[PDB]
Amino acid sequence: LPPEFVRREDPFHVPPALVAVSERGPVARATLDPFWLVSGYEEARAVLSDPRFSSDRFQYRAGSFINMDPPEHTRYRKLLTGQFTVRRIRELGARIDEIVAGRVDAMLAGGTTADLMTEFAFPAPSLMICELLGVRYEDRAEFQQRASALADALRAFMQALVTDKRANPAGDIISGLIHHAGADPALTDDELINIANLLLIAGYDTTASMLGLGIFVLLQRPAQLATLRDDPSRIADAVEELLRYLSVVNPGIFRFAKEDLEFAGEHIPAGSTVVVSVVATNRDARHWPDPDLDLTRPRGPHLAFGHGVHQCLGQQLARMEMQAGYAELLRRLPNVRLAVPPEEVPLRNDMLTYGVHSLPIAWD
């Protein structure tokens, strides 16, 4: 909540206030009312899989499972996980390849410069989500217009979509939830709408911010760019390392104590806010001796997608988009470079998810 804990003056450093708090320990009391800040890798994994911590902000919209606990969460989670099938994953991977290639085709057709956010980083994830939800070609413009806005207009869209899927089932996930998931009870229109919007909202800004902040960082770290571009077989490690290092979720992952409890030696009253700082945890020097950006590091676990029963439902889609997107940009925009000085690129401090507002780039 205090801005000291939110603001990141630069993608390369942990916010000084956080560094300060983490010196008092990996689960540390701070003041909002005391809340606790988790900055240790092993302790963050503990809290995120400890059942004494809730995702319900208040207890201590139907189908909005991100703020539910088991067993209500489990119902929805099982249904969505059920519908992330190998067929769906395979078809979405191909669609993602086509999406990223189309946006790069458009950028090359248009000139030798572009704002990467406008032309690539927002379009790619919104189109991905179109394909996931079953939005028809002729409705993407409208979906993109709305998506920018940032219910009830958007809520009206998903209602229409839902009604269309009940009448006319396709292979999308909303169709799957209606017709194929053996749901019982059957999902209401309201639940389907909130699920659809949850997927949009969880996957849009996050994926966009990884795509733009990642290119921003690589543009400033020529040895790292050259590694991604020149060794395409290590795209999977590169993406893990970008996920860990950029830590776009900000100011972190929130939980709320269900009851008075003791954790890592702290005495936390029921209701208290506990926040896992993704960027601090992902640079825990007790776990990564050298936590600097290194795209040659073999893949190991991080917290960028969280952990436990709520860990990112979309993480495989997100990975496929980042793997396909970063590789497509670096392969196809020759000598890609910033078109302004790096210090002039505006970062998103005054918003939740960290990233960039705009990213002017050029190529030959």
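Quick note: we count residues from 1 along the sequence shown, nothing fancier.
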| item | value |
| --- | --- |
| Deposited-sequence gap flanked by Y60 and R61 | 10 or more |
| Unresolved deposited residues lying between neighbours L150 and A151 | 10 or more |
| Per the entry, higher mean C-alpha B factor between 237-245 and 194-202 | 194-202 |
| Of 185-193 and 100-108, the one with larger mean CA B-factor | 185-193 |
| Most elevated Cα B-factor in the entry, residues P289, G214, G134, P251 | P289 |
| Residue selected from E138, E259, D230, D284 by maximal Cα B factor | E259 |
| B-factor third for the C-alpha atom of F65 within its chain | middle |
| Chain third (lowest, middle, highest) by recorded CA B-factor, residue given as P51 | highest |
| Among modelled residues of the same chain, the CA temperature factor third for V309 | middle |
| For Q315, the third of its chain into which the C-alpha B factor falls | lowest |
| Position of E142 among the chain's modelled residues by C-alpha B-factor, lowest, middle or highest third | middle |
